[PDB]
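Before any questions on how it binds or moves, here is one chain, the form deposited in one PDB entry, in structure tokens.
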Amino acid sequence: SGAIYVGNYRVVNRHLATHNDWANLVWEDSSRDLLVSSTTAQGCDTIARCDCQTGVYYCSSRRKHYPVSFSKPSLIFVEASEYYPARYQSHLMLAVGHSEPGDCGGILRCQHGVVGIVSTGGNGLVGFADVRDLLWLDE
């Protein structure tokens, strides 16, 4: 679990969105595993606007942050799950690192701010849903 709080927006994994997130829906994209809902309180985070390929992510299954090298946002085949059929997930960045299903929502950050959130993983891999292209989050 985990979310990004920027301005009056809350960004979460679409598969983990609550009834309240859907009741206050701003935007969602099943192909990216992202959902954005509106909030009444001002958010704590800054979004990176960069092309960094190194950063640090929080891994809740180890209670630790790990430094990673990650690929550029791209279309990656993701296996079938309880929430989605076998499909290509877009704007996904892969890295070598530990992750478990419950790590989804852990934030990936670089020196410029929030890059994305954990969305996929397996066998010593971790995938992050990019948010740097969502310029409207800053206004």
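Rigid core here is just the name for the largest C-alpha set that superposes within 1.5 Å across the two forms. Note that residue numbering follows the sequence shown and begins at 1.
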query: Entry-level comparison of average CA B-factors, 96-104 and 79-87, reporting the higher stretch; finding: 79-87
query: Entry-level comparison of average CA B-factors, 22-30 and 41-49, reporting the higher stretch; finding: 41-49
query: Chain third (lowest, middle, highest) by recorded CA B-factor, residue given as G122; finding: highest
query: Assigned third (lowest, middle, highest) for the C-alpha B factor of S60; finding: lowest
query: Modelled-residue ranking by C-alpha temperature factor, third containing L135; finding: middle
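Keep in mind the form deposited in another entry is missing from the figure; the text below concerns it.
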| property | result |
| --- | --- |
| Position with Cα shift of 2 Å or more, rigid core superposed between the shown form and the other one, options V56, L75, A86, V96 | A86 |
